[PDB]
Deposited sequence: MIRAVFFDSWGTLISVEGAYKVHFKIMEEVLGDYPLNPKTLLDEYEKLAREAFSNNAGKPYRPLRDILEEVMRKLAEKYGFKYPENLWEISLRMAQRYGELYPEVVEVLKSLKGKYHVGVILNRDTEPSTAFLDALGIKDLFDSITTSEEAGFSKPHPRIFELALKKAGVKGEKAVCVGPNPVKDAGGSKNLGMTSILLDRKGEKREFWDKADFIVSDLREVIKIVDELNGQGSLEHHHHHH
């Protein structure tokens, strides 16, 4: 029986257009009048960030604030602009102004409520993530919010999923996990790959179900439950 539905990474709640704009706007604010194209700074940032994330994947958790600040110091040094004070505060402001949900998110979370444990799982520090979910008006639509900071280890370490399952009070075989991240499997969860654009086909056989829209999740859960 499926009793719990977990949604995995911001990548599943937040549109690609909203994430890029948030980032783009952060870069414009940092640069001011500096004569660098904000899209070039953004593209270099995403490379260095991706690279920090992989170097910490599966390792003891390290705050994303520290990794972000480290990246930006390299970027400030590379391009010659002054390192921005209060970068974390800029980023939070921009996420609240320009962040956006995929259009079905609110409907999907309400549809699950009181019927399944509804949880979100995030490789983000606890406090920002939670304030961001509050800004987007959905914090209270979750039964649980589980972070790498809570568990002590960044993805793909199993501990974050073990904690999420403990919050739901069920073993992995009773839960589905929805994410864009191809695979945690050891714990028994049913994996649903969210491929909005059908651009990850080479990982579809690595997942139990593929969906392009979160409204398909409740249909999969009902079929699993008869």
Where does the model skip over parts of the deposited sequence? 184-188, 232-242
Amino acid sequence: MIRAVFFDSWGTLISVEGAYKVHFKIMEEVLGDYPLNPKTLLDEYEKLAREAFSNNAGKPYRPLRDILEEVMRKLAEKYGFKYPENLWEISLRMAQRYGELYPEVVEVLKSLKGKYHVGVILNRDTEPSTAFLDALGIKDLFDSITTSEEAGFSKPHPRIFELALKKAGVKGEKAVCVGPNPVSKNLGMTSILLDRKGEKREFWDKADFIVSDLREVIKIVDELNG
From here on, numbers count along this sequence of modelled residues.
As stated in the PDB record, which stretch has the larger average Cα B-factor, 10-18 or 203-211? 203-211
Which is higher on mean Cα B factor in this entry, 193-201 or 166-174? 193-201
Check the PDB entry and point out which of 27, 36, 160, 67 has the largest C-alpha temperature factor. 67
Looking at 119, 137, 80, 103, which has the biggest Cα B factor in the entry? 137
Select lowest, middle or highest to describe the third in which the CA B-factor of residue 146 falls within its chain in this entry. lowest
By the entry's values, the third containing the CA B factor of residue 152 is the lowest
Chain-relative CA temperature factor third for residue 76: middle
Third assignment of residue 179 from its chain's C-alpha B-factors: middle
